[PDB]
file run-v4.pdb (PDB, C-alpha atoms (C1' of nucleotides))
ATOM      1  CA  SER A   9      -2.092 -46.709  13.117
ATOM      2  CA  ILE A  10       0.163 -44.136  11.452
ATOM      3  CA  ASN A  11      -0.873 -41.553  14.061
ATOM      4  CA  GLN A  12       0.564 -43.561  16.968
ATOM      5  CA  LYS A  13       4.020 -43.935  15.416
ATOM      6  CA  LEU A  14       4.097 -40.191  14.749
ATOM      7  CA  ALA A  15       3.054 -39.664  18.378
ATOM      8  CA  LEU A  16       6.140 -41.598  19.553
ATOM      9  CA  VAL A  17       8.836 -40.039  17.348
ATOM     10  CA  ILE A  18       7.629 -36.644  18.621
ATOM     11  CA  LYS A  19       9.890 -36.977  21.680
ATOM     12  CA  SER A  20      12.316 -39.794  20.780
ATOM     13  CA  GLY A  21      13.819 -38.196  17.659
ATOM     14  CA  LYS A  22      14.315 -34.686  16.321
ATOM     15  CA  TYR A  23      12.047 -33.434  13.546
ATOM     16  CA  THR A  24      10.821 -30.245  11.880
ATOM     17  CA  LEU A  25       7.666 -28.562  10.593
ATOM     18  CA  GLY A  26       6.837 -26.009   7.917
ATOM     19  CA  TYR A  27       7.794 -25.960   4.255
ATOM     20  CA  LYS A  28      10.913 -23.778   4.096
ATOM     21  CA  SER A  29      12.530 -26.022   6.718
ATOM     22  CA  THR A  30      11.859 -29.256   4.808
ATOM     23  CA  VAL A  31      13.435 -27.833   1.646
ATOM     24  CA  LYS A  32      16.427 -26.665   3.692
ATOM     25  CA  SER A  33      16.741 -29.880   5.714
ATOM     26  CA  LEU A  34      16.905 -32.312   2.782
ATOM     27  CA  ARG A  35      19.628 -30.295   1.019
ATOM     28  CA  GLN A  36      22.393 -31.756   3.204
ATOM     29  CA  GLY A  37      20.729 -35.176   3.358
ATOM     30  CA  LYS A  38      19.604 -34.873   6.987
ATOM     31  CA  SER A  39      16.027 -35.800   5.993
ATOM     32  CA  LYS A  40      15.037 -39.486   5.927
ATOM     33  CA  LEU A  41      11.302 -38.942   5.279
ATOM     34  CA  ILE A  42       8.724 -36.266   4.506
ATOM     35  CA  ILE A  43       4.945 -36.196   4.915
ATOM     36  CA  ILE A  44       2.664 -34.287   2.531
ATOM     37  CA  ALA A  45      -0.871 -33.330   3.534
ATOM     38  CA  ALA A  46      -3.585 -33.699   0.900
ATOM     39  CA  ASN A  47      -4.694 -30.073   1.389
ATOM     40  CA  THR A  48      -1.538 -28.578  -0.120
ATOM     41  CA  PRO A  49      -1.702 -27.747  -3.846
ATOM     42  CA  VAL A  50       0.024 -30.020  -6.331
ATOM     43  CA  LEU A  51       2.504 -27.349  -7.445
ATOM     44  CA  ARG A  52       3.526 -26.826  -3.821
ATOM     45  CA  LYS A  53       3.616 -30.611  -3.413
ATOM     46  CA  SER A  54       5.522 -31.197  -6.663
ATOM     47  CA  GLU A  55       8.588 -29.472  -5.201
ATOM     48  CA  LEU A  56       9.040 -31.903  -2.331
ATOM     49  CA  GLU A  57       9.402 -35.219  -4.160
ATOM     50  CA  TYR A  58      11.666 -33.640  -6.787
ATOM     51  CA  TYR A  59      13.982 -32.457  -4.016
ATOM     52  CA  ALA A  60      13.458 -35.761  -2.193
ATOM     53  CA  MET A  61      14.198 -37.945  -5.229
ATOM     54  CA  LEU A  62      17.430 -35.987  -5.679
ATOM     55  CA  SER A  63      18.346 -37.039  -2.120
ATOM     56  CA  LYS A  64      17.063 -40.620  -2.573
ATOM     57  CA  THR A  65      14.519 -39.906   0.183
ATOM     58  CA  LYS A  66      11.191 -41.735   0.221
ATOM     59  CA  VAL A  67       8.011 -39.631   0.253
ATOM     60  CA  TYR A  68       4.975 -40.577   2.343
ATOM     61  CA  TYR A  69       1.548 -39.162   1.483
ATOM     62  CA  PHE A  70      -0.917 -38.331   4.255
ATOM     63  CA  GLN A  71      -4.641 -39.110   4.081
ATOM     64  CA  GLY A  72      -6.035 -35.770   5.214
ATOM     65  CA  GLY A  73      -5.538 -32.016   5.164
ATOM     66  CA  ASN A  74      -3.071 -29.756   6.922
ATOM     67  CA  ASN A  75      -5.541 -28.977   9.729
ATOM     68  CA  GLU A  76      -5.621 -32.577  10.974
ATOM     69  CA  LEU A  77      -1.918 -33.207  10.291
ATOM     70  CA  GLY A  78      -0.886 -30.632  12.891
ATOM     71  CA  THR A  79      -3.095 -32.287  15.502
ATOM     72  CA  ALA A  80      -1.545 -35.687  14.746
ATOM     73  CA  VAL A  81       1.974 -34.320  15.274
ATOM     74  CA  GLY A  82       1.065 -32.772  18.640
ATOM     75  CA  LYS A  83       0.977 -29.029  17.896
ATOM     76  CA  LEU A  84      -2.180 -26.954  18.248
ATOM     77  CA  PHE A  85      -1.263 -25.073  15.072
ATOM     78  CA  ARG A  86      -1.317 -26.626  11.603
ATOM     79  CA  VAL A  87       1.519 -27.944   9.443
ATOM     80  CA  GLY A  88       1.499 -28.604   5.709
ATOM     81  CA  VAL A  89       4.543 -30.849   5.303
ATOM     82  CA  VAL A  90       6.542 -32.609   8.026
ATOM     83  CA  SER A  91      10.106 -33.900   7.681
ATOM     84  CA  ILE A  92      11.652 -36.486  10.005
ATOM     85  CA  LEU A  93      15.270 -35.616  10.769
ATOM     86  CA  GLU A  94      16.028 -38.891  12.569
ATOM     87  CA  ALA A  95      13.787 -41.522  14.114
ATOM     88  CA  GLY A  96      14.053 -42.512  17.757
ATOM     89  CA  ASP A  97      12.368 -45.543  19.300
ATOM     90  CA  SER A  98       9.798 -45.400  16.482
ATOM     91  CA  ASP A  99      10.030 -47.364  13.231
ATOM     92  CA  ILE A 100       8.461 -44.875  10.816
ATOM     93  CA  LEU A 101      11.502 -45.036   8.532
ATOM     94  CA  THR A 102      11.372 -48.857   8.293
ATOM     95  CA  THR A 103       7.735 -49.957   8.000
ATOM     96  CA  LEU A 104       4.972 -50.491   5.435
ATOM     97  CA  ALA A 105       4.530 -46.698   5.226
TER
ATOM     98  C1'   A B   1      12.175  21.239 -11.004
ATOM     99  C1'   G B   2      16.351  18.718  -7.859
ATOM    100  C1'   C B   3      17.117  16.136  -3.211
ATOM    101  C1'   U B   4      14.129  13.956   0.643
ATOM    102  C1'   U B   5       9.687  11.856   3.000
ATOM    103  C1'   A B   6       4.035   7.284   4.631
ATOM    104  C1'   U B   7       0.530   3.779   5.586
ATOM    105  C1'   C B   8      -0.097  -0.740   2.368
ATOM    106  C1'   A B   9       2.872  -4.497  -0.021
ATOM    107  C1'   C B  10       7.376  -7.484  -0.729
ATOM    108  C1'   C B  11      12.529  -9.475   0.279
ATOM    109  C1'   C B  12      17.284 -11.886   3.551
ATOM    110  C1'   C B  13      18.345 -14.360   8.657
ATOM    111  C1'   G B  14      15.773 -16.614  12.124
ATOM    112  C1'   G B  15      12.347 -20.058  14.165
ATOM    113  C1'   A B  16       7.552 -20.113  17.595
ATOM    114  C1'   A B  17       2.836 -23.233  23.362
ATOM    115  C1'   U B  18       4.777 -20.779  29.062
ATOM    116  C1'   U B  19       0.902 -19.157  21.892
ATOM    117  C1'   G B  20       2.231 -14.170  20.454
ATOM    118  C1'   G B  21       1.596  -9.642  17.720
ATOM    119  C1'   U B  22      -2.389  -6.459  17.112
ATOM    120  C1'   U B  23      -7.042  -1.951  15.124
ATOM    121  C1'   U B  24     -11.741   2.742  17.900
ATOM    122  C1'   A B  25     -13.860  -1.597  15.279
ATOM    123  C1'   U B  26     -10.225  -9.454  16.117
ATOM    124  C1'   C B  27      -7.759 -10.420  12.209
ATOM    125  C1'   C B  28      -3.120 -12.764  11.335
ATOM    126  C1'   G B  29       1.124 -16.402  11.878
ATOM    127  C1'   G B  30       5.059 -23.708  10.107
ATOM    128  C1'   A B  31       1.292 -21.644   2.945
ATOM    129  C1'   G B  32       5.800 -19.176   8.652
ATOM    130  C1'   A B  33       4.790 -14.629  13.394
ATOM    131  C1'   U B  34       6.947 -11.543  16.926
ATOM    132  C1'   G B  35      12.254  -9.509  16.126
ATOM    133  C1'   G B  36      16.807  -7.504  13.269
ATOM    134  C1'   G B  37      18.008  -5.434   8.442
ATOM    135  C1'   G B  38      16.312  -3.508   3.531
ATOM    136  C1'   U B  39      13.265  -2.503  -1.270
ATOM    137  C1'   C B  40       9.193  -0.019  -3.421
ATOM    138  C1'   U B  41       4.417   3.802  -5.200
ATOM    139  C1'   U B  42       5.559   9.611  -3.823
ATOM    140  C1'   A B  43      -1.044  11.413  -2.568
ATOM    141  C1'   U B  44       0.852  14.563   0.670
ATOM    142  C1'   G B  45       4.638  17.158   3.330
ATOM    143  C1'   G B  46      10.104  19.649   4.115
ATOM    144  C1'   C B  47      14.684  22.687   2.022
ATOM    145  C1'   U B  48      16.083  24.978  -2.293
ATOM    146  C1'   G B  49      15.367  27.265  -7.442
ATOM    147  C1'   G B  50      10.722  30.275  -9.660
ATOM    148  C1'   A B  51      11.493  34.555  -5.798
ATOM    149  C1'   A B  52      11.862  38.690  -3.410
ATOM    150  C1'   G B  53      14.237  42.710  -7.747
ATOM    151  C1'   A B  54       6.700  40.075  -6.558
ATOM    152  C1'   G B  55       2.800  41.611  -3.274
ATOM    153  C1'   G B  56       1.811  43.919   1.660
ATOM    154  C1'   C B  57       2.444  47.397   6.127
ATOM    155  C1'   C B  58       5.147  52.131   7.188
ATOM    156  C1'   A B  59       9.028  57.517   7.143
ATOM    157  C1'   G B  60      11.153  61.963   4.330
ATOM    158  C1'   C B  61      11.374  64.514  -0.435
ATOM    159  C1'   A B  62       8.076  68.043  -3.765
ATOM    160  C1'   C B  63       5.912  67.683  -8.385
ATOM    161  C1'   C B  64      -1.798  73.074 -10.972
ATOM    162  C1'   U B  65       1.164  68.195 -13.463
ATOM    163  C1'   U B  66       2.683  64.119 -16.394
ATOM    164  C1'   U B  67       5.529  61.326 -10.867
ATOM    165  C1'   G B  68       8.929  58.887  -8.693
ATOM    166  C1'   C B  69      13.631  58.348  -5.497
ATOM    167  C1'   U B  70      15.804  57.174  -0.997
ATOM    168  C1'   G B  71      14.471  53.914   2.052
ATOM    169  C1'   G B  72      12.986  49.879   6.747
ATOM    170  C1'   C B  73      10.265  45.186   8.059
ATOM    171  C1'   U B  74       7.945  41.574   5.329
ATOM    172  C1'   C B  75      10.225  37.209  11.334
ATOM    173  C1'   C B  76      10.003  32.795  15.322
ATOM    174  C1'   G B  77       6.062  29.701  16.978
ATOM    175  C1'   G B  78       1.694  26.522  19.846
ATOM    176  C1'   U B  79      -2.568  23.644  20.432
ATOM    177  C1'   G B  80      -7.218  21.134  18.890
ATOM    178  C1'   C B  81     -12.949  14.802  18.921
TER
END
call {"tool": "encode", "arguments": {"input": "run-v4.pdb", "output": "structure tokens"}}
result
Amino acid sequence: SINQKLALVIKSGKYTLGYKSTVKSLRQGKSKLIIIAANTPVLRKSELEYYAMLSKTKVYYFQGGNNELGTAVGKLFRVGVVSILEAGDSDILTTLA
RNA sequence: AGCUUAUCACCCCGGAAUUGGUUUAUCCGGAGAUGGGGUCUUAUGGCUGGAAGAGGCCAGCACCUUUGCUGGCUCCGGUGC
């Protein structure tokens, strides 16, 4: 499912974690996608799409909290929002998601 | 009273697994650490003014007395379940 395609871009294309990075990354247009965990509060969430819509960047919502999102990416620690800098062999940018 | 001074807390850069900081007592970190640089409360503490002409310890003077003058030092530290 959506976990497998994340598990392939982890080493085929550069990416980033955290929140301050995602806000910084999309400023110059280097972000093609972001992922928002359901655990984050709406006010914290409401930033991302407003910055994303200014960059014409699609926003993908994640079914689950930040605890599980970090495991899906491949890091033992947890991540609230994930931004994809550029996809590799994966097709996360161009898919039903 | 002037200058100055701490934990805690917060801010800018930065980005983390070969996970790391860390209290006597294991909490914290992508809701962003460790690190580098700063801000803040001023309990407390330090120098200075108050204030050494104050207080204290000592030597001479002679006053049936009422009393005083001349004077010196009033300094530098250390440790602690």
call {"tool": "closest_residue", "arguments": {"input": "run-v4.pdb", "among": "A:22, A:13, A:52, A:64", "to": "residue A:35", "atoms": "all atoms listed in the file"}}
result
A:64
call {"tool": "resolve_selection", "arguments": {"input": "run-v4.pdb", "expression": "the PyMOL selection byres ((chain A) within 10 of (chain B))", "output": "list in words"}}
result
residues 24, 25, 26, 27, 28, 29, 48, 49, 52, 78, 83, 84, 85, 86, 87, 88, 89 and 90 of chain A
call {"tool": "residues_around", "arguments": {"input": "run-v4.pdb", "residues": "residue A:98", "least_positions_apart": "6", "cutoff": "9 Å", "atoms": "only C-alpha atoms (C1' of nucleotides)", "output": "list in words"}}
result
residues 13, 14, 16, 17, 20 and 21 of chain A
call {"tool": "write_last_selection", "arguments": {"input": "run-v4.pdb", "atoms": "C-alpha atoms", "output": "compact mmCIF listing (two decimals), in the coordinates of the input"}}
result
# COMPACT_ATOMS: atom_id res chain seq x y z
CA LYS A 13 4.02 -43.94 15.42
CA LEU A 14 4.10 -40.19 14.75
CA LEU A 16 6.14 -41.60 19.55
CA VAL A 17 8.84 -40.04 17.35
CA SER A 20 12.32 -39.79 20.78
CA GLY A 21 13.82 -38.20 17.66
call {"tool": "residues_around", "arguments": {"input": "run-v4.pdb", "residues": "stretch 65-77 of chain A", "least_positions_apart": "3", "cutoff": "12 Å", "atoms": "all atoms listed in the file", "output": "PyMOL selection string"}}
result
(chain A and resi 10-11+14-15+25-27+30+33-49+53-62+80-93+100-105) or (chain B and resi 30-31)
call {"tool": "residues_around", "arguments": {"input": "run-v4.pdb", "residues": "residue B:5", "least_positions_apart": "2", "cutoff": "9 Å", "atoms": "all atoms listed in the file", "output": "VMD selection string"}}
result
chain B and resid 42 45 to 46
call {"tool": "axis_aligned_box", "arguments": {"input": "run-v4.pdb", "around": "stretch 1-19 of chain B", "padding_each_side": "8 Å", "output": "JSON"}}
result
{"center_x": 9.1, "center_y": -1.0, "center_z": 9.0, "size_x": 34.4, "size_y": 60.5, "size_z": 56.1}
call {"tool": "residues_around", "arguments": {"input": "run-v4.pdb", "residues": "residue B:74", "least_positions_apart": "5", "cutoff": "12 Å", "atoms": "only C-alpha atoms (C1' of nucleotides)", "output": "number ranges by chain"}}
result
B: 52, 55-58
call {"tool": "resolve_selection", "arguments": {"input": "run-v4.pdb", "expression": "the PyMOL selection byres ((chain B and resi 40) around 12)", "output": "list in words"}}
result
residues 8, 9, 10, 11, 38, 39, 41 and 42 of chain B
